[PDB]
2 protein chains.
Amino acid sequence: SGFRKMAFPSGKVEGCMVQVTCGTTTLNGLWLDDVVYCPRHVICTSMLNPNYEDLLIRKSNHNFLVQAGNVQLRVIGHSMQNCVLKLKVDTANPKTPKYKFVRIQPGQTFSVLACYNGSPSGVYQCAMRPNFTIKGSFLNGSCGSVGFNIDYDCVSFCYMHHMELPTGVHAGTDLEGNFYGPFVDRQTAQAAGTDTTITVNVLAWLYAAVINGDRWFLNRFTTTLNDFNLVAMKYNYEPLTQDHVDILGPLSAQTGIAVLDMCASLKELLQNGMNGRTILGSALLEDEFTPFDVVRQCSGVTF
Amino acid sequence: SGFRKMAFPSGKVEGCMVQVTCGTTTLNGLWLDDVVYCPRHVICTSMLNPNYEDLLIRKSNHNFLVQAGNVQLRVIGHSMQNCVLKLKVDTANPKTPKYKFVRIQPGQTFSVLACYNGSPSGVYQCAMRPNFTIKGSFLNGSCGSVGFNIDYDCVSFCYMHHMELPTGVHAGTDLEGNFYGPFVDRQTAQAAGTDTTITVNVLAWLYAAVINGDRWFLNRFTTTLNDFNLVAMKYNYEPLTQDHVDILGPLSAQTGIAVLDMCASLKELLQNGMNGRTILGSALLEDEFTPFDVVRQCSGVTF
Ligand SMILES: N#Cc1ccccc1-c1cc(-c2cc(Cl)cc(Cl)c2)c(=O)n(-c2cccnc2)c1
Ligand SMILES: N#Cc1ccccc1-c1cc(-c2cc(Cl)cc(Cl)c2)c(=O)n(-c2cccnc2)c1
C-alpha cells in the first residue's frame, strides 16, 4: 500500500547523458548510438531574432566539444532537425538502451532526469500540461535534460528541455526537435496559455485513493457524462470523453465503482471542497497521475 | 525555478539489485562486492514466533537461489547480522559503486528504489518519520528494496524494506540489519507510534517557496525560539533547536529572512490556515524536504 509520485528508474538514461559545449555555452546532450542530440540554441551568443540556418553554416565540427564523463568524443558531423542539433560522433555509445522517440499528448506523464554539465542531478515525475508546458524543476544549465517513459526495457524519450518561461514553467520539444505548444526557441513575449486540470487523471487518482483505503469522498449518486461535463467546464476541468471513461475501465472494475459513480464524487468535491480532509496525503485534487500510472503502482509492474 | 519532490538518479543502485529465493519465498537482495544482503525473513515459512537462529542452522547454501538478471549466482556462504541475511557469492558484482552504509536520524530524507523479483520498478523520495516508519509505496514482493542518498559518486545506503504495518506505513532496517524504531521481524500486535511533523523541514520548504517567488505568507513579525516552540507543541510539531536554526543558516542568508522571522510565518500558518491559498503547489505544510534538499535543488548539485 501507499501512493507516491513515482519516477521510472533512471539508469538507462544516465548512461546517455553528455556535456555539449559551443563557445561559452554549455548544456546537456543525449548520446544514442553515434549521435548526440541537444537543443540547437547551444549555437547562439545571446538571440532576439536568431537565424539558425545562418548560425549553423558558420560552425564547424571543431566548434562542438562533447564530453562523456572525462572522455572527449570527436564530432564528425553536425546537422539540424527542427529545433534539435544532431552531432555525429566517431564512437557509438556502448550504453545505448533499446529506445524510441515518441511525441506525447497533453495529460500524459513522464520522468525527467535533470542534468547539469552532462551529470545527472535528480529524477522526478511530471505531466505534459494541457497548455503544453511542464511544471518542472530546472536551473541554469539544465537545457538538454530529457523526459522519458520505460516499457519492458525500452526507453521512450518524449521531452528535451529548452526554455523556462516567465511564469517559471518549462517548454521543450520532442526528440525530433518539434516544440510542444506554440513556443519558439527565441527571446520574445511568448507566454503560457491558460491551463486546465486533467480530469481523467484526477479520476484515476481518486481510484488510487479507494484502492488505498480513502473512501470518505464516495457517495451513492451517479451522474451523466453530459451533466458531469457541465460541472467540469465550470471549474476549468477538461471535458471527459467516452475514450477517458473506457480508459478508466480496469480501475472501475478492480474497485467495483463505475466511472460515472466516481464522477459524482468529483462533482461533490469540486462544489464543496474537502472540508479539511485529505486524500492520499493531499489537500487538493491531484492530476499528474495517469490511469496507467495508477495501475502500474497499485499492481506492480517492473522494467 | 520550480520545486519537485526529487529523487537521486537510481542507476548506481539498479546495478546492485538481485532476486533472492528461499523455498517458496522470493524477495530482493542488494549485491555489493561478493555479498548479497536481504531481509532475514526470507527463510521463514509463515512466523508468529520465529527463532531465526534455529531457522538458519537448518539451511544450507543450496537453499538460496540468487539471480542477477538471468545469471544465477552461486552462494558459497551464509550468515546473519541482526535482521539482515548476508549471502556470500562466488563472483563480485562488477557494477559495485563506491558506497557506504549509514544509519540516519528521523527527519532525514532518502530515495527508495522499489523493486520486485530483483527488477527495479520505480524511484521516489521519502523521509524517516519521527516515529521511525516511512510512508512508502510498496506491494507484495518489495521486501529488500533499499533507500539511499548519493554524495559525489558515493552511494550511502540507509534503509532496507522489511514490513508493511497495519496502517499501511512501512518499517525496515539499516543495512546492518538494525530496525528503525521498536519494530521486530515477526507477526505481533506492533503498531506505529504517534507521529509528529518535522519542523525544520517545514521551515526549509518555506524558504524553498520564497526562493521560488511564493511570499504571501511572510510578515513583519519575529518570534522567540521559546514562544515558537510553545506553538509547535500545540500543533504536534517537533521542537525547534538551535542546531536546527543553525542548519537553516545558509537559506536564511540567501533569502535575507531570519529563521525566527520565518518561524513567525509558520506560527501564523498553523493558527490561521492558508485561507484557500497554496505554497509550491501544496495546500498543506510539506515536511519531507530537508534544508540540504532545498539547497541542492534550488542551487544545483549533481553526482
Ligand atoms: N542550460 C542552459 C543555458 C546555457 C547557456 C546560456 C543559456 C542557457 C539557457 C537558455 C534558455 C533560453 C531561454 C529562452 Cl526564453 C529562449 C531560449 Cl532559445 C533559451 C533557458 O530557458 N535556460 C533555462 C534556465 C533555467 C531553467 N531552464 C532553462 C538556460
Ligand atoms: N516481499 C515479500 C514477501 C515474500 C514472501 C512472503 C512474504 C513477503 C512479505 C512479508 C512481510 C512481513 C510482514 C510482517 Cl508483519 C512481518 C514480517 Cl517478518 C514480514 C511484508 O510486510 N511484506 C510486504 C507487503 C507489502 C508491502 N510491504 C511489505 C511482504
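Following Swiss-Prot, chain A shows residues 3264-3309, 3312-3568, kept in their order.
Determination method: X-ray crystallography, 1.6 Å.
Backbone N, Cα and C atoms are what each Cβ position is placed from, and that goes for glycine too.
If you look up Swiss-Prot, you'll see A:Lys3268, A:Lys3353 marked as ubiquitin cross-link, on the strength of experimental evidence. Summarising the annotation, Swiss-Prot assigns active site, for 3CL-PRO activity to A:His3304 and lists sequence analysis as the type of evidence. Look at Swiss-Prot and you will find A:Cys3408 tagged as active site, nucleophile.
Each residue contributes its Cα atom, and for A:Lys3268 (ubiquitin cross-link) and A:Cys3408 (active site, nucleophile) these two points are 23 Å apart. Under 8 angstroms separates no C-beta among the recorded positions A:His3304, A:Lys3353, A:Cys3408 from a C-beta of chain B.
For ligand 1, the recorded positions lying close by, meaning a CB under 6 A from one of its atoms, are A:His3304, A:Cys3408; the full candidate list was A:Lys3268, A:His3304, A:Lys3353, A:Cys3408. Most Cβ neighbours within 10 Å among the recorded sites A:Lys3268, A:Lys3353: this distinction goes to A:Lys3268. Neighbour counts of Cβ atoms within 10 Å were compared across the active-site residues A:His3304, A:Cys3408; the minimum falls on A:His3304. For the pair A:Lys3353 (ubiquitin cross-link) and A:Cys3408 (active site, nucleophile), the C-alpha distance works out to 19 angstrom. Between the CA atoms of A:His3304 (active site, for 3CL-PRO activity) and the residue listed as 'active site, nucleophile' there is a gap of 9 Å. With 2 residues not built between them, A:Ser3309 and A:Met3312 have C-alpha atoms separated by a whole-number distance of 5 Å.
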